[PDB]
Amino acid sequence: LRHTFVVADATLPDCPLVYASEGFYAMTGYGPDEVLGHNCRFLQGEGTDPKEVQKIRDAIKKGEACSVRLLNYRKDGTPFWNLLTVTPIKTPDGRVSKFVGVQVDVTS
């Protein structure tokens, strides 16, 4: 399964991405300069299902893992279907420190 992987910093209030695999930058068209420090939601656009988006929003607030199918757009504006799975990573005191995300392009 060809997949990409990113880390978001839950200690900052809008979960900015702090690490992305080589595949994430090659799949999306975006450089580190335009990804690090930003919330993953820039990948979204006109056809992205707000119902699915909201499922991720809620799981992140409730600190649960979650898995959704989103329509994302590359930097050149072409779309692709992104099967996204976000996992919360907690410290020993139960608090959420990072969210890790695996993304798979499932356009087949």
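One-based numbering along the sequence shown.
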Exercise for review: Compare the mean C-alpha B-factor of 47-55 with that of 73-81 as given in the PDB entry, and name the stretch with the higher value.
Suggested key: 47-55
Exercise for review: Using only the Cα atoms and their B-factors as the entry lists them, report which of 89-97 and 17-25 averages higher.
Suggested key: 89-97
Review point. In terms of the CA temperature factor given in the entry, to which third of its chain does residue 4 belong: lowest, middle or highest?
Key: lowest
Practice item. Would you mind checking where the Cα B-factor of residue 40 ranks among the modelled residues of its chain, as the lowest, middle or highest third? Key: lowest
